[PDB]
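Inspection log for the structure reproduced underneath, given as structure tokens.
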Amino acid sequence: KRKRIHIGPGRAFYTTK
Amino acid sequence: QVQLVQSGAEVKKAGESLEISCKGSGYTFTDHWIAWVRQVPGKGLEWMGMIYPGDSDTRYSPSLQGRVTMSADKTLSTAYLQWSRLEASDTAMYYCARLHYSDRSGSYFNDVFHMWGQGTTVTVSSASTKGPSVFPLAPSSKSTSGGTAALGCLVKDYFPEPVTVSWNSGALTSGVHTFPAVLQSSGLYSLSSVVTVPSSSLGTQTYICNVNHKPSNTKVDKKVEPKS
Amino acid sequence: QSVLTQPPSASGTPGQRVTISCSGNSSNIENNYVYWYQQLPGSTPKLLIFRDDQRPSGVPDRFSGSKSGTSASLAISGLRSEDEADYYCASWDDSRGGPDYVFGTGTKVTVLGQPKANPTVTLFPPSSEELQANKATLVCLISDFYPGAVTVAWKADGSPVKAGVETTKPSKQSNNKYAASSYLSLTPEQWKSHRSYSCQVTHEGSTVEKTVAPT
């Protein structure tokens, strides 16, 4: 979902979904 | 009004199981991560990990021994911090915090712990009822400072709180410092009471501290002297 | 590893400006976002800044965030008595395959309401009668200092000891200065074995030391 966490510039986890 | 409201104080004994909760309302609860934060009295904040209400995925702090877990009910929109078997060092304040912020220009941040709960305070005792031992803190060269000397009473190994102290049956009331109690790893308390007195009188005056501990119905008198 | 290092305490005159460092690693702050929290005595932490330097609406612009390289700073301008609180930094560590949150060690900010004062130490060794009961305790008494924030450290001979130490939160007195107490727990064996034990107290960059031997 929007379970997406963005940890810094150009950096994420749980990108899908 | 987006809201995270927690469950409230729990006093427990070592070995007992426990749950605490955190209920989000006024938003889609299953949208955003919830995290748990621990704070031992007097120490700082520690991340315990997090739960995703959507699909109940969890991520645990590397130092969560596996006694403590997290769960989430989509029905009641609530998150849970769980223990199988509490121990002494679980004693802390526990906050829950939801991972989301929105500034007034509609912008959407997904990594920001803006909303917090009021905390759930949790106490765990690992000790029976014990009256205290008292030991004298003798005045000495290293203790005396000009015409002045410090002597004390070490009141130790007691449970629960409090204890009371007085000197020379109350007659002496100055300058008397009775410090706050300390919690040992044994589950038992200790505290120190000190008085400063004139050093001219150290070999002619008597000093007795009086210790009273009601939960165990014990009274103790100790004479504090120099050393011969 | 995983520890964001903050100075224990920091201070400022009213209307002045104080800054707090926050020091970490390439695994965290260097490339990852940073956040700051204010925690008033008795109360729930409040988010002051997010993503290095942005402040939520409702937060004054005298709180200011910066980051460069392996470290970060919280600028507090226009220092008021209500800013007197605990400050924690935080960010994400990725040493492992996922997003771990981590808080800094914490920084106690006192707003000067009087003049500074270094502490006085008195250290009592274990008494004969505690030794006879086959127990030993060193009592270290720390008194008349300001601001109300110290670090205490014990040493056997000349080396640190962290086993069986507890310290009290400083509180206020009949000279309007702070006092606290620290305890070291030992076996008559340990006590008898070593040359000395020392109680050692750091306060706004000054260290005082008092020392005892079993003779």
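All residue names refer to the structure tokens as shown: chains lettered A, B, ... in order, residues numbered from 1 in each chain, ligands numbered from 1 in order.
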Q) What's the 7 Å shell around residue 22 (chain B), counting only C-alpha atoms, without same-chain residues fewer than 3 positions away, as a ChimeraX atom specification? A) /B:4-7,78-80,96
Q: For residue 15 (chain A), please output as a PyMOL selection string all residues within 9 Å (counting only C-alpha atoms; exclusion window: fewer than 4 positions along the same chain).
A: chain A and resi 1-6
Output C-alpha atoms for every residue in that selection, as an mmCIF file, in the first residue's frame.
data_model
loop_
_atom_site.group_PDB
_atom_site.id
_atom_site.type_symbol
_atom_site.label_atom_id
_atom_site.label_comp_id
_atom_site.auth_asym_id
_atom_site.auth_seq_id
_atom_site.Cartn_x
_atom_site.Cartn_y
_atom_site.Cartn_z
ATOM 1 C CA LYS A 1 0.000 0.000 0.000
ATOM 2 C CA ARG A 2 1.479 3.260 1.305
ATOM 3 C CA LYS A 3 3.408 1.006 3.729
ATOM 4 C CA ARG A 4 6.299 2.684 1.916
ATOM 5 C CA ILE A 5 8.981 4.255 4.154
ATOM 6 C CA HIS A 6 11.442 6.709 2.617
#
**Q.** chain B residues near chain A (9 Å cut-off, only C-alpha atoms) as a ChimeraX atom specification
**A.** /B:31-33,52,54,99,109-111
**Q.** Contacts of region 74-85 of chain C at 9 Å (only C-alpha atoms; same-chain gap of 6+ positions) as an MDAnalysis selection string
**A.** chainID C and resid 12:22 36 38:41 61:67 107:113
Just C-alpha atoms for this one: save the residues we selected as a PDB file, in the first residue's frame.
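Output contents, as saved in again29.pdb:
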ATOM      1  CA  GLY C  12      22.947  28.698  27.992  1.00  0.00           C
ATOM      2  CA  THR C  13      22.168  32.099  29.537  1.00  0.00           C
ATOM      3  CA  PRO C  14      18.619  33.354  28.884  1.00  0.00           C
ATOM      4  CA  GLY C  15      18.108  34.937  25.447  1.00  0.00           C
ATOM      5  CA  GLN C  16      21.381  33.305  24.368  1.00  0.00           C
ATOM      6  CA  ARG C  17      21.821  30.286  21.975  1.00  0.00           C
ATOM      7  CA  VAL C  18      22.856  26.633  22.604  1.00  0.00           C
ATOM      8  CA  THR C  19      23.669  23.823  20.164  1.00  0.00           C
ATOM      9  CA  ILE C  20      23.663  20.033  20.607  1.00  0.00           C
ATOM     10  CA  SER C  21      25.807  17.646  18.547  1.00  0.00           C
ATOM     11  CA  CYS C  22      24.651  14.216  17.428  1.00  0.00           C
ATOM     12  CA  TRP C  36      14.830  15.815  16.761  1.00  0.00           C
ATOM     13  CA  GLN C  38      12.030  17.611  22.942  1.00  0.00           C
ATOM     14  CA  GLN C  39      10.943  15.871  26.154  1.00  0.00           C
ATOM     15  CA  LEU C  40       9.745  18.026  29.030  1.00  0.00           C
ATOM     16  CA  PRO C  41       9.922  16.550  32.558  1.00  0.00           C
ATOM     17  CA  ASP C  61      11.890  29.093  13.863  1.00  0.00           C
ATOM     18  CA  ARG C  62      14.370  29.430  16.745  1.00  0.00           C
ATOM     19  CA  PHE C  63      14.655  25.651  16.566  1.00  0.00           C
ATOM     20  CA  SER C  64      16.955  24.995  13.649  1.00  0.00           C
ATOM     21  CA  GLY C  65      18.428  21.772  12.295  1.00  0.00           C
ATOM     22  CA  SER C  66      21.641  21.105  10.417  1.00  0.00           C
ATOM     23  CA  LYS C  67      23.563  18.049   9.256  1.00  0.00           C
ATOM     24  CA  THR C 107      21.080  15.919  26.079  1.00  0.00           C
ATOM     25  CA  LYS C 108      19.935  17.807  29.153  1.00  0.00           C
ATOM     26  CA  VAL C 109      19.484  21.534  28.470  1.00  0.00           C
ATOM     27  CA  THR C 110      19.401  23.837  31.493  1.00  0.00           C
ATOM     28  CA  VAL C 111      18.601  27.544  31.199  1.00  0.00           C
ATOM     29  CA  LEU C 112      20.926  29.388  33.580  1.00  0.00           C
ATOM     30  CA  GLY C 113      18.924  30.829  36.497  1.00  0.00           C
TER      31      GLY C 113
END
**Q.** Interface list for chain C, partner chain A, 9 Å threshold, only C-alpha atoms, as a list in words
**A.**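 Written out as asked, the residues are residues 31, 32, 33, 34, 51, 91, 92, 98 and 99 of chain C.
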Q.
Quick check, in Å to one decimal: how far apart do CA of residue 106 (chain C) and CA of residue 86 (chain C) lie?
A.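 Taking CA of residue 106 (chain C) and CA of residue 86 (chain C), their separation equals 6.6 Å.
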Q: Fewer than 3 positions away in the same chain doesn't count, so skip those; otherwise give me all residues within 10 Å of region 156-173 of chain B, counting only C-alpha atoms, as a PyMOL selection string.
A: (chain B and resi 125-135+152-153+176-178+180-184+186-195+197+206-216+218-223) or (chain C and resi 137)
Could you write those residues out with N, CA and C atoms, as a compact mmCIF listing (two decimals), in the first residue's frame?
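File produced: out12.txt:
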# COMPACT_ATOMS: atom_id res chain seq x y z
N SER B 125 8.02 -5.64 39.88
CA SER B 125 8.79 -5.86 41.10
C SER B 125 9.24 -7.31 41.21
N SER B 126 10.50 -7.51 41.60
CA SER B 126 11.09 -8.85 41.72
C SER B 126 11.64 -9.11 43.13
N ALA B 127 10.80 -8.86 44.14
CA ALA B 127 11.25 -8.82 45.53
C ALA B 127 10.11 -8.94 46.54
N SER B 128 10.36 -9.72 47.59
CA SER B 128 9.47 -9.82 48.75
C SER B 128 9.64 -8.64 49.71
N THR B 129 8.91 -8.66 50.81
CA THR B 129 9.02 -7.60 51.80
C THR B 129 10.16 -7.84 52.79
N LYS B 130 11.13 -6.93 52.79
CA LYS B 130 12.33 -7.07 53.61
C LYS B 130 12.59 -5.78 54.36
N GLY B 131 12.85 -5.90 55.66
CA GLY B 131 13.29 -4.77 56.46
C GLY B 131 14.74 -4.47 56.17
N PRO B 132 15.19 -3.24 56.46
CA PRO B 132 16.51 -2.83 56.03
C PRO B 132 17.58 -3.17 57.06
N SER B 133 18.81 -3.36 56.57
CA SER B 133 20.01 -3.42 57.41
C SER B 133 20.57 -2.01 57.52
N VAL B 134 21.07 -1.62 58.69
CA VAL B 134 21.80 -0.35 58.73
C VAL B 134 23.29 -0.44 59.10
N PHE B 135 24.12 0.33 58.38
CA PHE B 135 25.56 0.33 58.59
C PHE B 135 26.03 1.78 58.73
N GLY B 152 27.23 9.42 58.46
CA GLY B 152 25.95 8.97 57.94
C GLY B 152 25.47 7.61 58.40
N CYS B 153 24.31 7.22 57.87
CA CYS B 153 23.76 5.88 58.02
C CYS B 153 23.45 5.35 56.65
N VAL B 176 20.89 17.97 58.00
CA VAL B 176 20.67 16.57 57.75
C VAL B 176 20.23 16.37 56.32
N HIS B 177 21.01 15.61 55.56
CA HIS B 177 20.60 15.29 54.21
C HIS B 177 20.29 13.82 54.08
N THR B 178 19.03 13.52 53.75
CA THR B 178 18.61 12.16 53.47
C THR B 178 18.29 12.00 51.99
N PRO B 180 17.72 10.45 47.98
CA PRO B 180 16.72 9.54 47.41
C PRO B 180 17.19 8.10 47.31
N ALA B 181 16.25 7.17 47.34
CA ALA B 181 16.60 5.77 47.31
C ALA B 181 17.07 5.32 45.92
N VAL B 182 17.85 4.25 45.90
CA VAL B 182 18.36 3.71 44.67
C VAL B 182 17.82 2.29 44.50
N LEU B 183 17.55 1.86 43.26
CA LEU B 183 17.01 0.51 43.03
C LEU B 183 18.13 -0.39 42.55
N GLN B 184 18.39 -1.45 43.30
CA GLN B 184 19.48 -2.36 42.97
C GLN B 184 18.98 -3.43 42.02
N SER B 186 19.08 -6.45 42.57
CA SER B 186 18.47 -7.50 43.40
C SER B 186 16.96 -7.28 43.61
N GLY B 187 16.45 -6.14 43.15
CA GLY B 187 15.05 -5.77 43.36
C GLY B 187 14.83 -5.01 44.67
N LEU B 188 15.89 -4.90 45.47
CA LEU B 188 15.86 -4.23 46.77
C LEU B 188 16.39 -2.79 46.71
N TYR B 189 15.94 -1.97 47.66
CA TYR B 189 16.37 -0.58 47.75
C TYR B 189 17.52 -0.35 48.72
N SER B 190 18.14 0.82 48.59
CA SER B 190 19.09 1.39 49.55
C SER B 190 18.93 2.92 49.54
N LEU B 191 19.27 3.56 50.66
CA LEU B 191 19.49 5.01 50.69
C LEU B 191 20.47 5.40 51.79
N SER B 192 21.04 6.60 51.66
CA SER B 192 21.95 7.14 52.66
C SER B 192 21.43 8.43 53.26
N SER B 193 21.59 8.53 54.58
CA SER B 193 21.33 9.77 55.28
C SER B 193 22.64 10.23 55.90
N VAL B 194 22.97 11.50 55.66
CA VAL B 194 24.17 12.12 56.20
C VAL B 194 23.84 13.42 56.96
N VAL B 195 24.60 13.67 58.02
CA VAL B 195 24.53 14.92 58.75
C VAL B 195 25.94 15.47 58.87
N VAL B 197 28.32 17.82 61.26
CA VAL B 197 28.35 18.20 62.66
C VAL B 197 29.72 18.80 62.98
N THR B 206 27.24 11.94 71.31
CA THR B 206 26.78 10.69 70.75
C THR B 206 25.90 10.96 69.53
N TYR B 207 26.02 10.09 68.52
CA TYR B 207 25.18 10.17 67.31
C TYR B 207 24.49 8.85 66.99
N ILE B 208 23.15 8.88 67.04
CA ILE B 208 22.35 7.70 66.72
C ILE B 208 21.33 8.02 65.63
N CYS B 209 21.36 7.25 64.55
CA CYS B 209 20.34 7.40 63.52
C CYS B 209 19.19 6.42 63.78
N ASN B 210 17.97 6.85 63.48
CA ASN B 210 16.75 6.07 63.73
C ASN B 210 16.02 5.70 62.45
N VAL B 211 15.89 4.40 62.19
CA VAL B 211 15.35 3.95 60.91
C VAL B 211 14.05 3.16 61.08
N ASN B 212 13.00 3.61 60.41
CA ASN B 212 11.66 3.05 60.56
C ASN B 212 11.09 2.63 59.21
N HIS B 213 10.68 1.37 59.09
CA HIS B 213 10.21 0.81 57.82
C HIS B 213 8.89 0.05 57.98
N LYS B 214 7.78 0.77 57.81
CA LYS B 214 6.44 0.28 58.18
C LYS B 214 5.93 -1.01 57.49
N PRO B 215 6.23 -1.20 56.19
CA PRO B 215 5.71 -2.42 55.53
C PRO B 215 6.19 -3.73 56.14
N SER B 216 7.31 -3.67 56.86
CA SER B 216 7.89 -4.87 57.49
C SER B 216 7.91 -4.73 59.02
N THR B 218 9.67 -2.71 61.17
CA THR B 218 11.01 -2.80 61.74
C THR B 218 11.56 -1.43 62.09
N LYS B 219 12.13 -1.34 63.29
CA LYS B 219 12.82 -0.15 63.75
C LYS B 219 14.27 -0.48 64.08
N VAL B 220 15.19 0.38 63.66
CA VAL B 220 16.62 0.17 63.88
C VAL B 220 17.32 1.44 64.38
N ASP B 221 18.17 1.28 65.39
CA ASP B 221 18.98 2.36 65.94
C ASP B 221 20.45 2.05 65.74
N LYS B 222 21.19 2.95 65.09
CA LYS B 222 22.62 2.75 64.95
C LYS B 222 23.44 3.94 65.40
N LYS B 223 24.44 3.64 66.22
CA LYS B 223 25.35 4.63 66.75
C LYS B 223 26.46 4.82 65.74
N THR C 137 29.89 -1.91 50.13
CA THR C 137 29.30 -0.82 49.37
C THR C 137 30.12 0.45 49.56
Q. Between C:157, C:129, C:30, C:52, which has the minimum distance to chain B (counting only C-alpha atoms)?
A.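 Of all the options, C:129 lies closest to chain B.
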